[PDB]
Structure formats: C-alpha cells, structure tokens
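In: how would this look folded up:
(2 chains, ligands or ions: 1)
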Amino acid sequence: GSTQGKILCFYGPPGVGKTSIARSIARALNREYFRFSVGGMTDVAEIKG
Amino acid sequence: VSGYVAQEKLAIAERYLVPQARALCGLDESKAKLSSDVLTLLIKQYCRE
Ligand SMILES: Nc1ncnc2c1ncn2[C@@H]1O[C@H](COP(=O)(O)OP(=O)(O)O)[C@@H](O)[C@H]1O
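Out: Numbers count the residues shown, from 1 in each chain, chains lettered A, B, ... in the order given. Please find the structure below.
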C-alpha cells in the first residue's frame, strides 16, 4: 500500500556516482533533492538549530 | 533489570514486538504471517546481543 520509510546507504570509493544515483532516484521518484554534508560537523546549531 | 535468554526472546518477539512493527508498516496479520521458526533462526544466528 502506502509509501514506507527505510534509511539506506551506499558506500565505496569516492566518485562512484553515489550522489549521482541519489539525485537520479530523486527525479525517479519525483522527490525533491537536497544534499547535506555532515562529515566532521560538531556544533548542534546546524542540525537542530 | 537483567538481560534475556535465547529462548526468552522468542516469547517476547512473537507478541510484544512483531505486532508493534506490524502497526508500524500498517499491515494486518492476514497478509504477512511470520512463523515461530523464522524467529528462532533469526535470534539464534543473526543477532547475538
Ligand atoms: N554508472 C554511472 N553513471 C553515470 N555517472 C557515473 C557513474 N559512475 C560514476 N559516475 C560519475 O561519478 C561522479 C561522482 O558523483 P556523485 O555520485 O554525484 O558524488 P560522489 O563523488 O560522492 O560519488 C559523477 O560525475 C558521475 O557522473
């Protein structure tokens, strides 16, 4: 039936197309895209505000 | 509170866990049966915690 959530991850050497498939799926499902890097972030003001 | 014995997890998960997640996906038991045998294989092998 309805849409369902699940989280997913892709991993491998950089530049394998990970983000590229992300956006490709985003235009597949028709969902909106938005990147959000969190590598090395510490402050909580950029995540919760 | 303590931990849980391998068999003990079976009697938990068949009642207090499976129906809850069934309500998370919104299904009813009529279409998504999960036998005991699947549960014992799961807990015996795939999760030792
Ligand atoms: N199968 C593929 N089809 C199209 N582009 C690919 C493929 N494999 C790798 N690429 C390319 O690899 C690059 C990596 O981009 P992307 O996945 O967007 O970020 P990341 O560098 O994190 O993997 C893109 O320029 C993309 O065109």
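In: residues in contact with residue B:34?
Out: residue B:18 (CB atoms under 8 Å, 6 or more residues apart in numbering or on different chains). To be clear about C-beta, it is placed using only N, CA and C from the backbone, and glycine gets the same treatment.
In: residue B:20 and residue A:17, how far apart?
Out: 37 Å (CB to CB, to the nearest Å).
In: wait, I meant residue A:24
Out: 9 Å.
In: who in chain A is up against the ligand?
Out: Taking CB under 6 Å from any ligand atom as the contact definition, chain A meets the ligand at A:14, A:15, A:16, A:17, A:18, A:19, A:20.
In: which residue packs closest to the most centrally placed residue in chain B, ignoring adjacent ones?
Out: Nearest to the geometric centre of chain B sits residue B:13, at 3.1 Å (CA atoms, centre = their mean). Counting by CB to CB, 6 or more residues apart in numbering or on different chains, residue B:13 lies nearest to residue B:39, which is 5.7 Å off, once chain neighbours are set aside.
In: count of neighbours near residue 46?
Out: No chain was given, so I picked chain A. Close neighbours of residue A:46, defined as other CB atoms under 10 Å in any protein chain shown, add up to 10.
In: hmm, I had chain B in mind actually
Out: Neighbourhood size, residue B:46 [other CB under 10 Å]: 7.
In: and the gap between it and residue A:47?
Out: 32 Å.
In: any idea how far residue A:44 lies from residue A:34?
Out: The gap separating residue A:44 from residue A:34 is 19 Å, by CB to CB.
In: what does chain A have sitting close to chain B?
Out: A:1, A:2, A:4 (CB under 8 Å from any CB of the partner chain).
In: now the buried members of these.
Out: Neighbour counting by 16 or more other CB atoms under 10 Å in any protein chain shown classes none of those as buried.
In: any chance of these in CSV, plus secondary structure?
Out: Output for those, formatted as CSV (DSSP: H, G, I helix; E, B strand; the rest coil):
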residue, secondary structure
A:1, coil
A:2, coil
A:4, coil
